[PDB]
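Undergrad: Structure file coords-v1.cif (mmCIF, C-alpha atoms and all ligand atoms) right here:
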data_start
loop_
_atom_site.label_atom_id
_atom_site.label_comp_id
_atom_site.auth_asym_id
_atom_site.auth_seq_id
_atom_site.Cartn_x
_atom_site.Cartn_y
_atom_site.Cartn_z
CA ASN A 200 39.70 16.74 -26.62
CA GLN A 201 40.35 19.62 -24.20
CA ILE A 202 41.20 17.35 -21.26
CA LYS A 203 44.64 15.81 -21.70
CA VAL A 204 46.22 12.94 -19.80
CA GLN A 205 49.14 13.53 -17.44
CA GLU A 206 50.81 10.10 -17.40
CA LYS A 207 51.89 7.41 -19.83
CA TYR A 208 49.31 4.61 -19.74
CA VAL A 209 50.56 1.30 -21.13
CA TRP A 210 47.72 -0.84 -22.49
CA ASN A 211 50.01 -3.52 -23.94
CA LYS A 212 53.64 -3.91 -24.96
CA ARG A 213 52.55 -2.75 -28.42
CA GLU A 214 50.18 0.04 -27.34
CA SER A 215 50.43 2.90 -24.85
CA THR A 216 48.81 6.30 -24.35
CA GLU A 217 51.47 9.01 -24.19
CA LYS A 218 51.51 11.88 -21.73
CA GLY A 219 49.49 14.86 -22.90
CA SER A 220 47.23 12.93 -25.28
CA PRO A 221 43.53 13.83 -25.04
CA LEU A 222 41.35 11.82 -22.70
CA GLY A 223 39.19 10.87 -25.68
CA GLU A 224 41.88 8.50 -26.93
CA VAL A 225 41.72 6.66 -23.60
CA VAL A 226 37.95 6.51 -23.95
CA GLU A 227 38.33 5.32 -27.54
CA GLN A 228 40.70 2.57 -26.40
CA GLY A 229 38.01 1.32 -24.05
CA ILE A 230 35.40 1.20 -26.78
CA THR A 231 37.48 -0.60 -29.44
CA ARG A 232 39.17 -3.29 -27.31
CA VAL A 233 36.85 -4.37 -24.50
CA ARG A 234 39.77 -6.17 -22.84
CA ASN A 235 40.91 -2.69 -21.72
CA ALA A 236 37.46 -1.26 -21.02
CA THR A 237 37.58 -1.64 -17.23
CA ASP A 238 41.11 -0.27 -17.01
CA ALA A 239 39.93 2.62 -19.19
CA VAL A 240 37.15 3.57 -16.77
CA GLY A 241 39.55 3.75 -13.84
CA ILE A 242 42.04 5.91 -15.72
CA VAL A 243 39.22 8.29 -16.64
CA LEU A 244 38.20 8.60 -13.00
CA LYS A 245 41.80 9.09 -11.92
CA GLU A 246 42.16 11.91 -14.41
CA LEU A 247 38.77 13.48 -13.68
CA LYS A 248 39.46 13.59 -9.94
CA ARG A 249 42.89 15.14 -10.44
CA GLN A 250 42.30 17.75 -13.13
CA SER A 251 39.11 18.94 -11.43
CA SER A 252 41.27 19.71 -8.40
CA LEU A 253 43.56 21.84 -10.56
CA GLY A 254 40.46 23.76 -11.67
CA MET A 255 40.35 22.79 -15.33
CA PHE A 256 36.65 21.91 -15.06
CA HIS A 257 33.84 21.38 -12.57
CA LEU A 258 32.94 17.73 -12.00
CA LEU A 259 29.57 16.25 -11.00
CA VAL A 260 29.61 12.66 -9.73
CA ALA A 261 26.00 11.44 -10.05
CA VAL A 262 25.62 7.86 -8.82
CA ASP A 263 22.15 6.33 -8.70
CA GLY A 264 21.67 3.23 -6.58
CA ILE A 265 24.82 4.05 -4.60
CA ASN A 266 24.05 1.55 -1.83
CA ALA A 267 25.42 -1.18 -4.12
CA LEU A 268 29.06 -0.21 -3.59
CA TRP A 269 29.38 -1.22 0.09
CA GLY A 270 26.97 -4.17 0.02
CA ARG A 271 27.18 -7.72 -1.31
CA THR A 272 27.29 -9.25 -4.78
CA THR A 273 25.73 -12.22 -6.54
CA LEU A 274 28.84 -12.83 -8.66
CA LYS A 275 30.70 -16.11 -8.13
CA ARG A 276 34.11 -17.55 -8.96
CA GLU A 277 34.52 -20.82 -10.88
CA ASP A 278 34.72 -22.69 -7.55
CA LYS A 279 31.25 -21.33 -6.66
CA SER A 280 32.73 -19.00 -4.04
CA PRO A 281 31.36 -15.48 -3.50
CA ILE A 282 33.04 -12.32 -4.77
CA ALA A 283 33.16 -9.18 -2.64
CA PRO A 284 32.24 -5.74 -4.03
CA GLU A 285 35.79 -4.45 -3.44
CA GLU A 286 37.25 -7.30 -5.51
CA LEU A 287 35.66 -5.74 -8.60
CA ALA A 288 37.96 -3.19 -10.21
CA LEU A 289 35.01 -1.16 -11.50
CA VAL A 290 33.48 -0.95 -8.02
CA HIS A 291 36.87 -0.38 -6.38
CA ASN A 292 37.66 2.61 -8.61
CA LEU A 293 34.21 4.16 -8.13
CA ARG A 294 34.52 4.16 -4.33
CA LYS A 295 37.50 6.53 -4.59
CA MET A 296 35.21 9.13 -6.17
CA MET A 297 32.78 9.05 -3.23
CA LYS A 298 35.50 10.17 -0.82
CA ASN A 299 35.70 13.93 -0.32
CA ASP A 300 39.45 14.16 -0.90
CA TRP A 301 39.05 16.53 -3.84
CA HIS A 302 37.56 19.93 -4.67
CA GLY A 303 36.07 21.61 -7.72
CA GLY A 304 32.83 19.64 -7.80
CA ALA A 305 29.98 17.97 -5.96
CA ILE A 306 28.89 14.38 -5.35
CA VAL A 307 25.17 13.68 -5.76
CA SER A 308 23.83 10.21 -4.98
CA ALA A 309 20.47 8.46 -4.86
CA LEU A 310 19.66 5.35 -2.86
CA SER A 311 17.44 2.64 -4.32
CA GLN A 312 16.09 -0.56 -2.82
CA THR A 313 14.84 -1.53 -6.29
CA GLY A 314 17.47 -3.82 -7.79
CA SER A 315 19.32 -4.07 -4.48
CA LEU A 316 20.76 -7.32 -3.13
CA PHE A 317 19.87 -8.75 0.28
CA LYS A 318 17.63 -5.90 1.42
CA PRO A 319 13.98 -6.10 2.54
CA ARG A 320 11.33 -4.45 0.40
CA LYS A 321 10.55 -1.76 2.99
CA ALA A 322 14.15 -0.62 3.62
CA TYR A 323 14.61 2.98 2.48
CA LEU A 324 16.57 4.91 5.12
CA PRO A 325 20.26 5.72 4.55
CA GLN A 326 21.82 3.41 7.15
CA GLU A 327 19.62 0.38 6.43
CA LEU A 328 20.46 0.44 2.71
CA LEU A 329 24.08 1.60 2.99
CA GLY A 330 25.25 -0.69 5.78
CA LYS A 331 27.77 0.28 8.42
CA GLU A 332 30.55 0.35 5.81
CA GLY A 333 28.57 2.53 3.42
CA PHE A 334 27.41 4.96 6.09
CA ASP A 335 30.96 5.26 7.42
CA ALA A 336 32.27 5.87 3.90
CA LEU A 337 29.75 8.58 3.02
CA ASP A 338 29.71 10.18 6.48
CA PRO A 339 29.72 13.25 6.53
CA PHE A 340 26.99 13.79 3.93
CA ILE A 341 23.78 15.78 3.44
CA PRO A 342 20.69 13.53 3.17
CA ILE A 343 17.75 14.89 1.17
CA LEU A 344 14.29 13.37 1.56
CA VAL A 345 12.01 12.63 -1.40
CA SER A 346 8.36 12.01 -0.50
CA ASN A 347 5.00 11.32 -2.10
CA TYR A 348 3.15 13.99 -4.06
CA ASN A 349 1.42 16.69 -2.06
CA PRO A 350 -2.05 17.72 -3.29
CA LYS A 351 -0.72 20.44 -5.60
CA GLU A 352 1.86 18.09 -7.10
CA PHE A 353 -0.69 15.28 -7.51
CA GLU A 354 -3.23 17.54 -9.21
CA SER A 355 -0.51 18.85 -11.51
CA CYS A 356 0.56 15.32 -12.48
CA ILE A 357 -2.99 14.35 -13.39
CA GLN A 358 -3.46 17.59 -15.33
CA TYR A 359 -0.31 16.82 -17.32
CA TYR A 360 -1.66 13.35 -18.10
CA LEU A 361 -5.04 14.81 -19.10
CA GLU A 362 -3.37 17.41 -21.33
CA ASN A 363 -1.59 14.52 -23.06
CA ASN A 364 -4.92 12.63 -23.42
CA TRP A 365 -3.30 9.74 -21.54
CA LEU A 366 -6.31 9.11 -19.26
CA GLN A 367 -8.82 7.54 -21.63
CA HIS A 368 -11.42 6.29 -19.15
CA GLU A 369 -14.47 8.55 -19.14
CA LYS A 370 -14.54 8.87 -15.34
CA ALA A 371 -10.88 9.83 -14.88
CA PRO A 372 -11.53 13.54 -15.66
CA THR A 373 -14.23 13.62 -12.97
CA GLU A 374 -13.68 14.41 -9.29
CA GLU A 375 -14.58 10.90 -8.14
CA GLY A 376 -11.97 9.44 -10.48
CA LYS A 377 -9.29 11.72 -9.05
CA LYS A 378 -10.24 10.85 -5.47
CA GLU A 379 -10.03 7.13 -6.27
CA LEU A 380 -6.67 7.57 -7.99
CA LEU A 381 -5.41 9.49 -4.96
CA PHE A 382 -6.52 6.73 -2.61
CA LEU A 383 -5.21 3.89 -4.78
CA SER A 384 -1.75 5.44 -5.22
CA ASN A 385 -1.65 7.40 -1.95
CA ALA A 386 0.02 10.14 -4.02
CA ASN A 387 2.95 7.82 -4.81
CA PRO A 388 4.40 8.91 -8.20
CA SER A 389 5.26 5.40 -9.42
CA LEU A 390 2.00 3.73 -8.40
CA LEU A 391 0.02 6.64 -9.84
CA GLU A 392 1.88 6.44 -13.15
CA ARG A 393 1.47 2.66 -13.34
CA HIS A 394 -2.26 2.91 -12.61
CA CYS A 395 -2.71 5.64 -15.22
CA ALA A 396 -0.80 3.52 -17.75
CA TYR A 397 -3.74 1.13 -18.22
CA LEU A 398 -6.61 3.59 -17.67
CA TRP B 199 -51.66 -17.48 15.94
CA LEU B 200 -51.29 -20.49 18.21
CA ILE B 201 -50.07 -23.65 16.49
CA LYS B 202 -52.23 -26.76 16.56
CA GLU B 203 -50.13 -28.88 18.92
CA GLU B 204 -49.67 -26.03 21.40
CA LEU B 205 -53.43 -25.51 21.37
CA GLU B 206 -53.67 -29.25 22.07
CA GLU B 207 -51.20 -28.91 24.95
CA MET B 208 -53.25 -26.15 26.54
CA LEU B 209 -56.58 -27.92 25.89
CA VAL B 210 -55.02 -31.27 26.96
CA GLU B 211 -57.09 -32.93 24.22
CA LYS B 212 -56.21 -34.09 20.72
CA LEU B 213 -57.98 -32.07 18.03
CA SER B 214 -58.12 -32.25 14.25
CA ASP B 215 -56.99 -29.72 11.65
CA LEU B 216 -60.49 -28.67 10.57
CA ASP B 217 -61.64 -27.89 14.11
CA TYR B 218 -58.41 -25.95 14.69
CA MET B 219 -59.19 -23.92 11.57
CA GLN B 220 -62.75 -23.35 12.82
CA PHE B 221 -61.46 -22.06 16.16
CA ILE B 222 -58.95 -19.77 14.44
CA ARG B 223 -61.68 -18.44 12.15
CA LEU B 224 -63.86 -17.64 15.16
CA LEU B 225 -60.93 -15.84 16.80
CA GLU B 226 -60.37 -13.81 13.62
CA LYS B 227 -64.08 -12.92 13.55
CA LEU B 228 -63.79 -11.77 17.16
CA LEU B 229 -60.80 -9.58 16.29
CA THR B 230 -62.66 -8.02 13.36
CA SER B 231 -65.43 -6.83 15.69
CA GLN B 232 -64.85 -4.03 18.21
CA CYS B 233 -63.28 -6.26 20.84
CA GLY B 234 -62.99 -4.69 24.28
CA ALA B 235 -60.19 -5.03 26.80
CA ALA B 236 -61.44 -8.38 28.11
CA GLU B 237 -61.82 -9.78 24.59
CA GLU B 238 -58.42 -8.41 23.57
CA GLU B 239 -56.84 -10.19 26.54
CA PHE B 240 -58.74 -13.37 25.68
CA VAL B 241 -57.38 -13.34 22.13
CA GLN B 242 -53.92 -12.49 23.46
CA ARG B 243 -54.14 -15.75 25.40
CA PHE B 244 -54.02 -17.37 21.93
CA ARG B 245 -51.52 -14.96 20.31
CA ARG B 246 -47.78 -15.73 20.30
CA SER B 247 -45.10 -13.08 19.81
CA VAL B 248 -42.60 -14.96 17.59
CA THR B 249 -43.27 -13.36 14.20
CA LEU B 250 -41.02 -10.66 12.69
CA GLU B 251 -37.37 -9.85 13.40
CA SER B 252 -35.53 -6.70 12.35
CA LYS B 253 -31.91 -6.63 11.16
CA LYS B 254 -30.69 -3.26 12.39
CA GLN B 255 -26.89 -3.56 12.64
CA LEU B 256 -26.01 -2.64 16.24
CA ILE B 257 -23.79 0.45 16.07
CA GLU B 258 -20.57 0.80 18.07
CA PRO B 259 -20.41 3.68 20.60
CA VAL B 260 -18.27 6.76 20.05
CA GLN B 261 -15.18 6.87 22.26
CA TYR B 262 -12.95 9.90 22.87
CA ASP B 263 -9.17 9.77 23.06
CA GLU B 264 -6.86 11.82 25.26
CA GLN B 265 -6.52 14.54 22.61
CA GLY B 266 -10.31 14.95 22.55
CA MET B 267 -10.83 13.31 19.15
CA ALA B 268 -13.81 11.05 18.52
CA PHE B 269 -13.10 7.51 17.34
CA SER B 270 -14.83 4.15 17.13
CA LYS B 271 -13.30 0.68 17.35
CA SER B 272 -14.49 -2.49 15.66
CA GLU B 273 -13.37 -6.02 14.86
CA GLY B 274 -13.50 -8.25 11.80
CA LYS B 275 -12.45 -11.73 10.78
CA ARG B 276 -11.80 -13.38 7.41
CA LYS B 277 -10.46 -16.95 7.19
CA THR B 278 -7.74 -17.04 9.91
CA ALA B 279 -7.03 -13.30 9.66
CA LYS B 280 -8.34 -11.17 12.53
CA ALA B 281 -8.36 -7.37 12.38
CA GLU B 282 -9.26 -4.54 14.73
CA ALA B 283 -9.72 -1.06 13.26
CA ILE B 284 -10.03 2.34 14.94
CA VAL B 285 -11.77 4.88 12.70
CA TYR B 286 -11.53 8.53 13.71
CA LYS B 287 -14.36 10.93 12.96
CA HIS B 288 -12.08 13.51 11.33
CA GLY B 289 -8.98 12.84 9.27
CA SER B 290 -7.28 13.22 5.92
CA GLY B 291 -7.64 9.65 4.66
CA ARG B 292 -4.57 8.13 6.33
CA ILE B 293 -4.75 4.36 6.90
CA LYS B 294 -2.06 2.76 9.07
CA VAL B 295 -1.84 -1.05 9.16
CA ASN B 296 0.35 -2.40 11.97
CA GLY B 297 2.00 1.01 12.08
CA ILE B 298 2.72 0.90 8.33
CA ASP B 299 1.13 2.87 5.51
CA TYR B 300 -1.49 0.89 3.63
CA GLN B 301 0.16 1.18 0.22
CA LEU B 302 3.40 -0.21 1.69
CA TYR B 303 1.64 -2.91 3.71
CA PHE B 304 -0.56 -3.89 0.72
CA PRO B 305 1.53 -3.89 -2.48
CA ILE B 306 -1.20 -5.64 -4.49
CA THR B 307 -3.77 -3.25 -5.91
CA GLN B 308 -6.65 -5.63 -5.16
CA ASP B 309 -6.15 -5.27 -1.41
CA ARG B 310 -6.07 -1.48 -1.71
CA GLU B 311 -9.33 -1.57 -3.69
CA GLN B 312 -10.85 -3.74 -0.97
CA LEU B 313 -9.78 -1.19 1.65
CA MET B 314 -11.19 1.60 -0.53
CA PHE B 315 -14.59 -0.09 -0.94
CA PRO B 316 -16.18 0.89 2.43
CA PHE B 317 -15.24 4.57 2.31
CA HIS B 318 -16.01 4.98 -1.39
CA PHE B 319 -19.41 3.33 -1.02
CA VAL B 320 -20.51 6.13 1.34
CA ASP B 321 -18.55 8.93 -0.42
CA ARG B 322 -16.24 9.85 2.44
CA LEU B 323 -12.81 9.13 0.98
CA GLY B 324 -10.25 11.45 2.50
CA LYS B 325 -12.39 12.26 5.55
CA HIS B 326 -11.33 9.66 8.14
CA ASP B 327 -8.14 8.30 9.67
CA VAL B 328 -7.79 4.56 10.32
CA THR B 329 -5.41 2.78 12.68
CA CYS B 330 -5.81 -0.99 12.35
CA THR B 331 -4.03 -4.13 13.54
CA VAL B 332 -4.35 -7.41 11.62
CA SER B 333 -2.87 -10.79 12.51
CA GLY B 334 -2.91 -14.22 10.93
CA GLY B 335 -4.09 -15.36 7.54
CA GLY B 336 -2.60 -14.16 4.29
CA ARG B 337 -2.72 -11.12 2.04
CA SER B 338 -6.34 -11.35 0.87
CA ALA B 339 -7.74 -12.58 4.18
CA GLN B 340 -6.07 -9.67 5.98
CA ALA B 341 -7.42 -7.19 3.43
CA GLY B 342 -10.94 -8.58 3.82
CA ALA B 343 -10.81 -8.59 7.62
CA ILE B 344 -9.62 -4.98 7.60
CA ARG B 345 -12.42 -4.08 5.18
CA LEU B 346 -14.99 -5.61 7.54
CA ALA B 347 -13.54 -3.98 10.66
CA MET B 348 -13.40 -0.58 8.98
CA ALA B 349 -16.98 -0.85 7.72
CA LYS B 350 -18.29 -1.82 11.15
CA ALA B 351 -16.35 1.01 12.81
CA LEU B 352 -17.45 3.52 10.15
CA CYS B 353 -21.10 2.65 10.78
CA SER B 354 -20.90 5.00 13.79
CA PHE B 355 -20.40 8.15 11.68
CA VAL B 356 -23.04 7.58 8.97
CA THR B 357 -26.83 7.86 8.95
CA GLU B 358 -28.96 4.79 9.60
CA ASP B 359 -29.98 4.77 5.94
CA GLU B 360 -26.31 4.59 4.99
CA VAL B 361 -25.79 1.81 7.54
CA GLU B 362 -28.58 -0.18 5.90
CA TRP B 363 -27.13 0.51 2.44
CA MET B 364 -23.76 -0.79 3.64
CA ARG B 365 -25.49 -3.90 4.99
CA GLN B 366 -27.28 -4.46 1.68
CA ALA B 367 -23.94 -4.08 -0.13
CA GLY B 368 -22.41 -6.94 1.87
CA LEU B 369 -20.06 -4.61 3.76
CA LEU B 370 -21.20 -5.61 7.28
CA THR B 371 -21.50 -9.42 7.04
CA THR B 372 -18.79 -11.78 8.23
CA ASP B 373 -17.82 -14.11 5.39
CA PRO B 374 -18.15 -17.63 6.88
CA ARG B 375 -16.59 -19.52 3.95
CA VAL B 376 -13.60 -21.46 5.30
CA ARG B 377 -11.54 -24.50 4.37
CA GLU B 378 -12.96 -27.96 5.08
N1 LIG C 1 46.13 -1.13 -18.51
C1 LIG C 1 46.47 -0.05 -17.58
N2 LIG C 1 45.50 0.40 -16.61
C2 LIG C 1 45.87 1.39 -15.79
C3 LIG C 1 47.08 2.00 -15.80
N3 LIG C 1 47.03 2.94 -14.81
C4 LIG C 1 45.90 3.02 -14.14
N4 LIG C 1 45.17 2.05 -14.74
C5 LIG C 1 43.82 1.74 -14.36
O1 LIG C 1 43.17 2.93 -13.86
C6 LIG C 1 42.87 2.73 -12.46
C7 LIG C 1 43.41 3.86 -11.64
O2 LIG C 1 43.42 3.44 -10.28
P1 LIG C 1 44.73 3.90 -9.32
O3 LIG C 1 44.71 5.34 -9.04
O4 LIG C 1 45.99 3.76 -10.05
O5 LIG C 1 44.72 2.99 -7.92
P2 LIG C 1 45.46 1.52 -7.78
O6 LIG C 1 44.62 0.39 -8.17
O7 LIG C 1 45.90 1.20 -6.42
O8 LIG C 1 46.66 1.39 -8.59
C8 LIG C 1 43.56 1.46 -12.04
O9 LIG C 1 42.73 0.72 -11.10
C9 LIG C 1 43.76 0.71 -13.26
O10 LIG C 1 42.64 -0.17 -13.46
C10 LIG C 1 48.12 1.66 -16.69
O11 LIG C 1 49.37 2.34 -16.65
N5 LIG C 1 47.88 0.62 -17.64
#
So, in terms of structure tokens, how does the structure I just supplied come out?
TA:
Amino acid sequence: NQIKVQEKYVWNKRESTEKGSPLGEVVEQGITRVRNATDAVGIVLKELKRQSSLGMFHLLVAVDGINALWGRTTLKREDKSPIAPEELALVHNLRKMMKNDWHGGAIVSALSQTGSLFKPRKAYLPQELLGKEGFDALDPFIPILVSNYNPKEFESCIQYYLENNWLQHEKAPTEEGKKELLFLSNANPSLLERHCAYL
Amino acid sequence: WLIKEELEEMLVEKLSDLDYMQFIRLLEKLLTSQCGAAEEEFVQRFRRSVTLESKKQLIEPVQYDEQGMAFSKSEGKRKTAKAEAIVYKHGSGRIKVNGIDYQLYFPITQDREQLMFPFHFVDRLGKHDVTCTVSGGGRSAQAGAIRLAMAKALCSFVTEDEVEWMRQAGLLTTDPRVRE
């Protein structure tokens, strides 16, 4: 309600959003008629980039699995031809928010090989997952490394699970159980959690 | 004791089973008495050395790398997979397979349990570093070959009792089962 549009957006000959109307109306128009959902996302982004620059609010752009934007798709036309990521309006509007042509906020992103397309299982570094196009788009950027649990972190995770009574096997509380869990996960958070799920 | 047909070969005369038993009984009676050096040699003329064989698991020697660390190398084979492991005396439990971490190289938990088996069996998880190289075969064959190579290399840093326990646990025997 506080944020108000700055242009007349014409959904259809019968319907338009007038200048100065709250952004919520735009959002509402996307939720009621799905035909205008994709055009409603873009408008939102266009407004959020612009007003943030004026200083009306601070904007955080948090995109998980960002390596999708400059990659490939598995979407096809009716003639069985491939579709490029930039041919999608939703993907094309979200790339504009990764460019650092605005102030009043920060862009935080996380890579992910899980759910990626046309990437080997062991690819995790920025360039391998992003591609030349993605690395060129994000460059300059600050890469932050996430690693496996260190011993303090690993012990704390198992103590949290023990406090929740989530480790039901009688040997899990013991030292030998913790050493075997450490070896079998190698302090990897996801493997450790999956192993503890059925213990 | 000398077998009947070898006794025949030396005596160059065919002899029956009962007379062979009689001769062996006389030799036993001679042994029971306080046989001197000459008599001991005479019985040794009839004594063959075949009996008994000890399975002791030849240990690999300890090598030293340029940094001064002690390590031992060993080889293993399972189906068409062939592995060579280098086990260091001191480490933090880091296993590297073809230059890759073991949990990344072995997604399936069964293979990781197989790699855990040797070190857990002797209660030295988190005390050695392993650098192995495996080629051929598939997922399970590679895991088994690495298990064998690591056990054989680890035998250098355990007591002989622990070596024998590993042998009796099946950790030091090459699995010969292969396709027709
Ligand atoms: N239905 C409708 N959608 C609009 C309108 N204006 C912007 N949009 C959508 O909001 C997005 C804003 O992107 P924009 O800044 O205009 O870049 P552009 O694609 O080159 O025009 C567009 O991609 C459209 O999908 C409008 O006046 N009517």
Undergrad: Which residues are near residue A:322? Cut-off 12 Å, only C-alpha atoms, ignore same chain within fewer than 5 positions. Put them as number ranges by chain.
TA: A: 266, 310-313, 315-317, 327-330; B: 302
Undergrad: Please identify all polymer residues within 9 Å of residue B:343, counting only C-alpha atoms, omitting same-chain residues fewer than 5 positions from it, and present them as a ChimeraX atom specification.
TA: /B:273-277,279-282,332,338,348,372
Undergrad: So that I have them on file, write out the residues from the current selection with C-alpha atoms, as a compact mmCIF listing (two decimals), in the coordinates of the input.
TA:
# COMPACT_ATOMS: atom_id res chain seq x y z
CA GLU B 273 -13.37 -6.02 14.86
CA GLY B 274 -13.50 -8.25 11.80
CA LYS B 275 -12.45 -11.73 10.78
CA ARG B 276 -11.80 -13.38 7.41
CA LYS B 277 -10.46 -16.95 7.19
CA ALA B 279 -7.03 -13.30 9.66
CA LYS B 280 -8.34 -11.17 12.53
CA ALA B 281 -8.36 -7.37 12.38
CA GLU B 282 -9.26 -4.54 14.73
CA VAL B 332 -4.35 -7.41 11.62
CA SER B 338 -6.34 -11.35 0.87
CA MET B 348 -13.40 -0.58 8.98
CA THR B 372 -18.79 -11.78 8.23
Undergrad: Emit as lines of an AutoDock Vina configuration file the padded axis-aligned box for all listed atoms of ligand LIG 1 (chain C), 3 Å per side, with centre and edge lengths in Å to one decimal.
TA:
center_x = 46.0
center_y = 2.1
center_z = -12.5
size_x = 12.7
size_y = 12.5
size_z = 18.1
Undergrad: Once you count only C-alpha atoms, which residues of chain A turn out to be within 12 Å of chain B? Could you give them as a PyMOL selection string?
TA: chain A and resi 320-323+347+350+374-387+389-391+393-394
Undergrad: Skip residue A:272 itself and residues of its chain fewer than 3 positions away, then list as a VMD selection string all residues within 12 Å of it, counting only C-alpha atoms.
TA: chain A and resid 266 to 269 275 to 276 280 to 287 290 314 to 318
Undergrad: Go ahead and save the residues from that selection, with C-alpha atoms, as a PDB file, keeping the file's coordinate frame.
TA:
ATOM      1  CA  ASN A 266      24.050   1.550  -1.830  1.00  0.00           C
ATOM      2  CA  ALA A 267      25.420  -1.180  -4.120  1.00  0.00           C
ATOM      3  CA  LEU A 268      29.060  -0.210  -3.590  1.00  0.00           C
ATOM      4  CA  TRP A 269      29.380  -1.220   0.090  1.00  0.00           C
ATOM      5  CA  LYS A 275      30.700 -16.110  -8.130  1.00  0.00           C
ATOM      6  CA  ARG A 276      34.110 -17.550  -8.960  1.00  0.00           C
ATOM      7  CA  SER A 280      32.730 -19.000  -4.040  1.00  0.00           C
ATOM      8  CA  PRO A 281      31.360 -15.480  -3.500  1.00  0.00           C
ATOM      9  CA  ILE A 282      33.040 -12.320  -4.770  1.00  0.00           C
ATOM     10  CA  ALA A 283      33.160  -9.180  -2.640  1.00  0.00           C
ATOM     11  CA  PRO A 284      32.240  -5.740  -4.030  1.00  0.00           C
ATOM     12  CA  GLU A 285      35.790  -4.450  -3.440  1.00  0.00           C
ATOM     13  CA  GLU A 286      37.250  -7.300  -5.510  1.00  0.00           C
ATOM     14  CA  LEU A 287      35.660  -5.740  -8.600  1.00  0.00           C
ATOM     15  CA  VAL A 290      33.480  -0.950  -8.020  1.00  0.00           C
ATOM     16  CA  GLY A 314      17.470  -3.820  -7.790  1.00  0.00           C
ATOM     17  CA  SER A 315      19.320  -4.070  -4.480  1.00  0.00           C
ATOM     18  CA  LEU A 316      20.760  -7.320  -3.130  1.00  0.00           C
ATOM     19  CA  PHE A 317      19.870  -8.750   0.280  1.00  0.00           C
ATOM     20  CA  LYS A 318      17.630  -5.900   1.420  1.00  0.00           C
TER      21      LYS A 318
END
Undergrad: When you draw a straight line from atom CA of residue A:306 to atom CA of residue A:338, how long is it in Å?
TA: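 Spanning atom CA of residue A:306 to atom CA of residue A:338 is a straight-line distance of 12.6 Å.
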Undergrad: Within 10 Å of ligand LIG 1 (chain C), counting all atoms listed in the file: which residues, as a ChimeraX atom specification?
TA: /A:206-211,214-216,234-246,248,287-293,295
Undergrad: When you draw a straight line from atom CA of residue B:224 to atom CA of residue B:250, how long is it in Å?
TA: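 For atom CA of residue B:224 relative to atom CA of residue B:250, the distance reads 24.0 Å.
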Undergrad: If you measure from atom CA of residue B:364 to atom CA of residue B:249, what distance in Å do you get, rounded to one decimal?
TA: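 Here the two named atoms are 25.5 Å from each other.
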Undergrad: Let me make sure I understand: among A:299, A:373, A:346, A:228, which one has the smallest atom-to-atom distance to residue A:358 if we use only C-alpha atoms?
TA: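 Among the listed residues, the smallest separation from residue A:358 belongs to A:373.
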Undergrad: For residue A:247, which residue out of A:231, A:363, A:205, A:349 is the nearest one, using only C-alpha atoms?
TA: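 Looking only at the distances to residue A:247, the closest residue turns out to be A:205.
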Undergrad: Generate a file for stretch 355-362 of chain A, containing N, CA, C and O atoms, as an mmCIF file, in the first residue's frame.
TA:
data_model
loop_
_atom_site.group_PDB
_atom_site.id
_atom_site.type_symbol
_atom_site.label_atom_id
_atom_site.label_comp_id
_atom_site.auth_asym_id
_atom_site.auth_seq_id
_atom_site.Cartn_x
_atom_site.Cartn_y
_atom_site.Cartn_z
ATOM 1 N N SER A 355 27.702 -29.666 17.308
ATOM 2 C CA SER A 355 26.503 -28.906 17.632
ATOM 3 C C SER A 355 25.278 -29.423 16.891
ATOM 4 O O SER A 355 24.190 -29.465 17.474
ATOM 5 N N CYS A 356 25.421 -29.808 15.621
ATOM 6 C CA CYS A 356 24.286 -30.365 14.888
ATOM 7 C C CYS A 356 23.791 -31.658 15.525
ATOM 8 O O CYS A 356 22.577 -31.853 15.697
ATOM 9 N N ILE A 357 24.708 -32.557 15.891
ATOM 10 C CA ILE A 357 24.255 -33.780 16.547
ATOM 11 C C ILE A 357 23.671 -33.506 17.924
ATOM 12 O O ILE A 357 22.732 -34.195 18.327
ATOM 13 N N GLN A 358 24.187 -32.532 18.670
ATOM 14 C CA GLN A 358 23.560 -32.215 19.942
ATOM 15 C C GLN A 358 22.168 -31.635 19.773
ATOM 16 O O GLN A 358 21.294 -31.925 20.589
ATOM 17 N N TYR A 359 21.937 -30.830 18.739
ATOM 18 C CA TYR A 359 20.582 -30.377 18.456
ATOM 19 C C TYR A 359 19.659 -31.551 18.157
ATOM 20 O O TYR A 359 18.555 -31.635 18.719
ATOM 21 N N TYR A 360 20.108 -32.485 17.316
ATOM 22 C CA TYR A 360 19.281 -33.653 17.029
ATOM 23 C C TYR A 360 19.033 -34.502 18.270
ATOM 24 O O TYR A 360 17.927 -35.021 18.441
ATOM 25 N N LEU A 361 20.028 -34.658 19.139
ATOM 26 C CA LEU A 361 19.823 -35.405 20.375
ATOM 27 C C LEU A 361 18.861 -34.697 21.318
ATOM 28 O O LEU A 361 18.016 -35.351 21.935
ATOM 29 N N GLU A 362 18.968 -33.375 21.439
ATOM 30 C CA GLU A 362 18.030 -32.607 22.243
ATOM 31 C C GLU A 362 16.606 -32.726 21.735
ATOM 32 O O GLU A 362 15.668 -32.623 22.531
#
